[PDB]
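Colleague: Residue numbers (the UniProt record's numbering), protein chains in the order written: chain A, 26 to 152; chain B, 25 to 154; chain C, 26 to 156.
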Amino acid sequence: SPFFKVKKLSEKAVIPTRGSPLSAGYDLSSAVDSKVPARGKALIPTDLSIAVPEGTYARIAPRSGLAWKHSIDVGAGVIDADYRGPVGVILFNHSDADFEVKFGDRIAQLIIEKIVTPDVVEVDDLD
Amino acid sequence: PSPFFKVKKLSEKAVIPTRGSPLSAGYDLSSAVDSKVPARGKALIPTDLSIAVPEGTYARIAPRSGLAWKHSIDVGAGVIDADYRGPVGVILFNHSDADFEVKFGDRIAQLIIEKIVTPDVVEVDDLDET
Amino acid sequence: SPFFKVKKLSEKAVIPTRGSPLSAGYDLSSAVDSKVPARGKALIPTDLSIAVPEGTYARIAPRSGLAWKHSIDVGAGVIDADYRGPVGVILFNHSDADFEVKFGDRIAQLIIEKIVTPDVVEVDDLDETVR
Ligand SMILES: [Mg+2]
Numbered sequence: 026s027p028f029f030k031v032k033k034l035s036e037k038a039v040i041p042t043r044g045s046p047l048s049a050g051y052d053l054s055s056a057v058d059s060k061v062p063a064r065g066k067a068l069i070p071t072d073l074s075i076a077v078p079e080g081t082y083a084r085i086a087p088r089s090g091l092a093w094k095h096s097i098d099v100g101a102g103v104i105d106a107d108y109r110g111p112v113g114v115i116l117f118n119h120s121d122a123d124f125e126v127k128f129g130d131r132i133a134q135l136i137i138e139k140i141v142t143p144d145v146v147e148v149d150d151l152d
Numbered sequence: 025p026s027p028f029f030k031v032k033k034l035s036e037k038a039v040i041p042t043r044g045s046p047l048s049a050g051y052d053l054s055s056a057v058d059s060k061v062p063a064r065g066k067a068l069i070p071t072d073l074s075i076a077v078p079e080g081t082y083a084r085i086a087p088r089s090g091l092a093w094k095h096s097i098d099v100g101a102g103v104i105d106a107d108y109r110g111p112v113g114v115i116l117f118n119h120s121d122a123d124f125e126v127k128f129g130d131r132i133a134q135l136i137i138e139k140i141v142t143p144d145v146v147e148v149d150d151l152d153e154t
Numbered sequence: 026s027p028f029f030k031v032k033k034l035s036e037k038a039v040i041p042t043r044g045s046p047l048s049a050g051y052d053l054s055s056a057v058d059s060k061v062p063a064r065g066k067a068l069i070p071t072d073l074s075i076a077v078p079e080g081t082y083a084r085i086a087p088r089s090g091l092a093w094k095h096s097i098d099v100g101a102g103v104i105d106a107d108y109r110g111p112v113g114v115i116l117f118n119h120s121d122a123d124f125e126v127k128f129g130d131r132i133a134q135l136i137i138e139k140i141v142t143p144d145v146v147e148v149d150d151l152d153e154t155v156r
């Protein structure tokens, strides 16, 4: 049975919520105030640790508003189901304008994507 | 219930998205406009479509491989919720020093209906060790 | 039942491996020495061809380390389940420093994501949603 368990690592953390009833993702909020330099990057802590089920992973996905309005998008973003460290969001600034993330800003959305993980079979012929 | 992909044309310029091979992941998205993605910049390209995909999925607007190598084009963000009924636009980022020209009808992205789970969020005191 | 078939196209190829029992991705290694130029791009060969099952595709996904240490992101990355050509990794460099790729370096990770591929139908109107 699917689950999404979240542990607050500080009092500043915001428990993720979905934005609409059928929404794909859980909104993630910044636990800090941080500059994202023009044509540069920032690593934004959520002060959360998580667990998601085997047969899935948590993808840190971009919010469309951040991307369209501010040319900000998300690098990396693959959180394994057994990763128990703090969840941070890597933002890339694809513009010549400096940007600033404020404490509590929603900076990404977490999507729990279904996957398969079979053992690899090496072959001489794929078909 | 069986999966579905319904599309509604918002103008005559919209093109029904079509897959590219019988096992292909995604449905090709065509531009409804003439436009451009400026060098080192971005654009929102209308498809003039509204869509519906099933609960337990979302529609991901994903980059085409050819455009990524030839024009350094990427999709800046492409999460479309299963309950999103607004117009579908494609956000393109141009990671090169030359403009990318868009003519109406041009394929600019592909849509992939990804399976997900959406359980309730549960705050906990401790997580298991791995 | 899911599978992941891999064919090596040369001796330089490395069978993709998963790091831990619950890891999402299979690490992909470069088959070449190469460079991703500052603010530029490169197509890095793996010298692999692959097959994944119907109802999935293989997503070429970024490694977190390369993203943060080198501003490297993966472009493109949608590998169809019936694509039988060579698998190359498209890297974008979002920094002003060249990124060197050495033979055997891990440059991405492959994730076999579950999808649906229903027959698309045009309709006159869609349901409006409480949103
Ligand atoms: Mg995905």
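Virtual Cβ for every residue (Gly too), placed ideally from N, Cα, C.
Name the residues in the stretch 108 to 127 of chain C whose C-beta lies less than 9 Å from a C-beta of chain B; which are they?
Modeller: Listed by position, the residues of the stretch 108 to 127 of chain C near chain B (Cβ gap below 9 Å) are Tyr108, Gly113, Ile115, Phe117, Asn118, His119.
Colleague: Name the two residues that bound the continuous alpha helix (DSSP H) containing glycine 90/A.
Modeller: 89 to 95
Colleague: For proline 27/C, would you say it is in contact with chain F, using Cβ-to-Cβ distances shorter than 9 Å as the test?
Modeller: In the displayed structure, chain F is absent; the protein chains listed are A, B and C.
Colleague: Three Cβ pairs or more, each shorter than 8 Å: is that satisfied between the stretch 32 to 49 of chain C and the stretch 129 to 139 of chain B?
Modeller: no
Colleague: Residues in the stretch 33 to 50 of chain A with C-beta within 9 Å of chain B's C-beta atoms, listed in sequence order?
Modeller: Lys33, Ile40, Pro41, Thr42, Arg43, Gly44, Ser45, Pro46, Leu47, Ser48, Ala49, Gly50
Colleague: Output needed for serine 74/C: all residues of its chain with C-beta closer than 7 Å, excluding positions within five of it in sequence on either side, in chain order.
Modeller: Excluding its 5 nearest sequence neighbours in each direction, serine 74/C has C-beta neighbours in its own chain below 7 Å: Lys32, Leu34, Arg109, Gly110, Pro111, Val112, listed in chain order.
Colleague: Just to make sure I have the definition right: I need the residues of chain C whose C-beta is within less than 8 Å of the C-beta of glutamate 153/B. Which are they?
Modeller: Chain-ordered listing is empty here: chain C has no CB closer than 8 Å to the CB of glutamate 153/B, the nearest sitting near 12 Å.
Colleague: With 16 other CB atoms within 10 Å as the buried threshold, where does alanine 63/B fall?
Modeller: Around the CB of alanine 63/B, fewer than 16 other CB atoms lie within 10 Å, so the residue is classed as exposed.
Colleague: Within the stretch 67 to 134 of chain B, note down every full beta strand (DSSP E) run reaching 3 residues or more, in order along the chain.
Modeller: 73 to 76, 81 to 86, 97 to 101, 113 to 118, 124 to 126
Colleague: Hey, could you find the ends of the beta strand (DSSP E) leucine 53/C is sitting in?
Modeller: 51 to 54
Colleague: Residues in the same chain with beta-carbon distance under 8 Å from residue 155/B, minus the five sequence neighbours each way, listed in chain order, please.
Modeller: Because residue 155/B is not part of the residues shown, which for chain B are 25 to 154, the question remains open.
Colleague: Just to check, is the beta-carbon of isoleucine 104/B closer than 8 Å to a non-hydrogen atom of ligand 1?
Modeller: no
Colleague: Please list the partners that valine 31/B has in chain C, where partner means a Cβ-to-Cβ separation under 9 Å.
Modeller: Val145, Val146, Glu147, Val148, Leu151
Colleague: Assuming the contact rule is C-beta atoms closer than 8 Å, residue 159/C and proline 78/C should be a hit. Round their C-beta distance to whole Å, please.
Modeller: An answer regarding residue 159/C cannot be provided, because it is not within the stretch 26 to 156 covered by chain C.
Colleague: So, is the C-beta of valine 141/B closer than 9 Å to a C-beta in chain A?
Modeller: yes
Colleague: Can you pull out the residues from the stretch 61 to 75 of chain C whose beta carbon lies closer than 9 Å to at least one beta carbon of chain A?
Modeller: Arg64, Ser74, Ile75
Colleague: Tell me, to the nearest whole angstrom, how far the beta carbon of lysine 66/B is from that of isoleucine 115/B; I am working on the premise that it is less than 8 Å.
Modeller: 7 Å
Colleague: Give me every residue whose Cβ sits closer than 7 Å to any heavy atom of ligand 1, in chain order.
Modeller: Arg84/A, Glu138/A, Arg84/B, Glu138/B, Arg84/C, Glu138/C
Colleague: Strictly by DSSP, which residues pair up with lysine 139/C?
Modeller: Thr81/C
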